[PDB]
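S.K.:
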Amino acid sequence: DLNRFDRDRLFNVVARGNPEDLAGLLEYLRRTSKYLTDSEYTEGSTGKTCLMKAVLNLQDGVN
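Next up, the structure:
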């Protein structure tokens, strides 16, 4: 939200498949001036993004 938004919560939220838990991310990215491709929101080792984690975990044809 406004105060903090870690990488682990983001991966778990996009793996679970509920978009309502994505609330507050935009305010955090506007306040801290960080992008989703930054080194914090990647895997660090392979370069895996939150979008890749979202596409890997498909419940139906969509996520």
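One gets PDB author numbering by counting positions in the sequence shown from 1 and adding 68 to each. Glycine included, C-beta positions come from ideal geometry on N, C-alpha and C.
At which residues does the alpha helix (DSSP H) containing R98 begin and terminate?
M.R.: Looking at the DSSP string, the run of the alpha helix (DSSP H) that includes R98 is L93 to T100.
S.K.: If distances are taken between C-alpha atoms only, which option among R72, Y103 and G85 comes closest to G92?
M.R.: Here the closest residue by C-alpha is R72.
S.K.: Could you compute how far the alpha carbon of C118 sits from the alpha carbon of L70?
M.R.: One C-alpha to the other measures close to 19 angstroms.
S.K.: Using three-state DSSP, classify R72 as helix, strand or coil.
M.R.: Here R72 sits in coil by DSSP.
S.K.: With distances taken between CB atoms, is the gap from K121 to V82 smaller than 8 angstroms?
M.R.: Going by C-beta atoms, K121 is nearer than 8 angstroms to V82.
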